[PDB]
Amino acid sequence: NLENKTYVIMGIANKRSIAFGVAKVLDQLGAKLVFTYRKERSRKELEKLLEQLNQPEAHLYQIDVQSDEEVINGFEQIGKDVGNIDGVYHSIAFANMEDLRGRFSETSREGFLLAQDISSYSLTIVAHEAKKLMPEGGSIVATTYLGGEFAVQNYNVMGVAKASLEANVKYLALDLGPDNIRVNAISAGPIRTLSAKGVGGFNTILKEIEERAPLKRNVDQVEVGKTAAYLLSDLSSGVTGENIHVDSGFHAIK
């Protein structure tokens, strides 16, 4: 029961977004939710999607995590509009198509730094800013993929960005631990989302989970959200710097 808890959810694009998974779960559990989006199309979208939840009001803030100004000012406003928060769910990443579709060794500096910037550094600046609204502690969760731990064909620059995010989680966990802010990752399995269309080989990878993961099935947004509810609540007190694979056990087999 997360009543009288407040969470910030970053990265809803549409009904299929992983973070809308996390949203439905936290909403059921009685949390108050604040949302951040990048472009005005995701906002309109968000307003329509919000009619599906028991949120008594719409708390929506624009934050492109490439802008410090936007992250700093975004969290300040949230603080003034909503008070201290209990946690942040980070569901944000980006890479060029031009770089995803080339050979990994053909990645451009610009593309490689862009993916680092949006997919890994954004968590550091978000963690620094969100800390200001968690004076009594809290919990921050980011969404990673198995390709940050292994080379997964086609995942290329994003995998190096996830490897980076996954260490970001460990260093934020160590840094923010004494302030009672826990930082953790969920490694989701493959899920059909807007961003997933930009990864070459996605369907083939869907099929191989079905055939090979211990549970012989794929996962969904809602199973990610249920694990997110654990990481964001007191149920996981004691757990920090952790990466929980929500992926039908595929991480455990070779």
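Between two forms, the rigid core is defined as the largest C-alpha subset superposing within 1.5 Å. Counting begins at 1, following the sequence as shown.
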Greater root mean square CA deviation, 135 to 143 compared with 155 to 163 in 9 other deposited structures of this protein, core aligned = 155 to 163
After core superposition, the stretch with larger RMS C-alpha deviation in 9 other deposited structures of this protein, comparing 50 to 58 and 204 to 212, is 204 to 212
Mean C-alpha temperature factor, higher of 68 to 76 and 145 to 153 | 68 to 76
Mean B factor on CA atoms, stretches 56 to 64 and 186 to 194, record says higher is 56 to 64
Which listed residue, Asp117, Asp99, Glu166, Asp175, has the largest C-alpha temperature factor in the record?
-> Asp99
Would you check the entry's CA temperature factor for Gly137 and let me know if it's in the chain's lowest, middle or highest third?
-> middle
Quick one: classify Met158 as lowest, middle or highest third of the chain based on its Cα B-factor.
-> middle
Could you tell me which third, lowest, middle or highest, the C-alpha B-factor of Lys39 occupies within its chain?
-> highest
Going by what the PDB entry lists, where does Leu26 fall on CA B-factor within its chain: lowest, middle or highest third?
-> middle
Would you mind checking where the Cα B-factor of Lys5 ranks among the modelled residues of its chain, as the lowest, middle or highest third?
-> highest
